[PDB]
Amino acid sequence: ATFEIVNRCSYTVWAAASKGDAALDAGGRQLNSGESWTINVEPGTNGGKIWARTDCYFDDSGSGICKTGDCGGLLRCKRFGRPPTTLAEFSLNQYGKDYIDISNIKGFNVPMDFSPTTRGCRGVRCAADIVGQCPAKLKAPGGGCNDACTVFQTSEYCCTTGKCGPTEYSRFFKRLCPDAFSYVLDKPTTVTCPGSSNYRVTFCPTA
């Protein structure tokens, strides 16, 4: 499956794509304002994620650092990135169907639209200004808006026991972006698409 990843932000981002234990495609690449990068993801990819990283420096070998979303200092990500990171999440060809969603469970750094480019389902979007409205205690000094698990490390915020409920913090995410996961047990906003759909992930989809 192809995912066109498009940076409509006014700033450079370094796109990243991983399924946690491996890169997807090259795993990462710089996208200046306006650029598009098309990757190929193997059918049957389960638990895939795509995200943006900000204010990165890499050297000639592709080692460095990112202020949000750093995946162990690599340009070419093999593992998930350091919160805060708005996440495009997907599992492909799962008993005949694709599943897509956007999640704020690991915080928010960059607005995002995640849409099929092929027929038969809708896209999802989290494009509100969550960084500028972020509650004081969630603001990440390095840039972006942390989820409350990252900040406070409690069973309630992290949903460790499997029994958590919504919180003042999760409700800020949900109010700003009703169509993204705000906490682990949030009512699902996952979209069911035809198996083997193709997709576009757009950073900063709106002015």
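For each chain, numbering restarts from 1 and follows the sequence as written, which can differ from how the entry numbers it; residues lacking coordinates are not listed. Side-chain figures throughout are based on the complete set of non-hydrogen atoms in the structure, without hydrogens or water.

Listed as the method for this PDB entry is X-ray crystallography; the listed resolution is 2.30 Å.

Now for the environment of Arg79. Put simply, DSSP marks the helices as runs of H or I at least four residues long and the strands as runs of E at least two long, and each gets a number from the N terminus on. Following the sequence through the fold, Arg79 ends up in the loop between strand 6 (64–68) and strand 7 (87–94). Contacts between residues were defined by any pair of non-hydrogen atoms, one from each residue, lying within 4.5 Å. Here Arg79 is in contact with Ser18, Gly20, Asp21, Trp51 and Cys71, once residues within four sequence places are set aside.

Only protein chains enter the accessibility calculation, which uses a 1.4 Å probe; a residue whose area is less than 20% of its type maximum is buried, one above 50% is exposed, and one in between is partly exposed. Along helix 4 (residues 168–176), the residues that are buried comprise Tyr169, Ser170, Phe172, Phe173 and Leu176. Buried residues of helix 4 fall within an arc of 150 degrees about the axis and therefore sit on the same side. The exposed set on the far side of helix 4, more than 90 degrees from its buried face, consists of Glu168 and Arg175. Turning to helix 4, the residues buried within the fold contact helix 1 (130–133), helix 2 (148–152) and helix 3 (155–158). The directions considered for the arc are those from the helix axis to the C-beta atoms.

Bringing the sheet that holds strand 12 (residues 199–203) into the picture now. On the basis of which strands lie adjacent, the open sheet formed by five strands has the order 4-1-12-9-10 and mixed pairing. Edge positions in the sheet fall to strand 4 (36–40) and strand 10 (124–126), since each of these pairs with one other strand and no more. The sheet shows a mean angle of 15 degrees between the axes of neighbouring strands, direction not considered. Pairs of strands are assigned from DSSP output, requiring at least two bridges between the strands. Bridge analysis of strand 1 (residues 2–7) against strand 4 gives five bridges, and the strand direction is antiparallel. Across the sheet, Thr2 pairs through a bridge with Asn40, a residue of strand 4. Angles here are taken between N-to-C directions and fall from 0 to 180 degrees, while the axes themselves are lines fitted to C-alpha atoms, restricted in helices to the stretch in contact.

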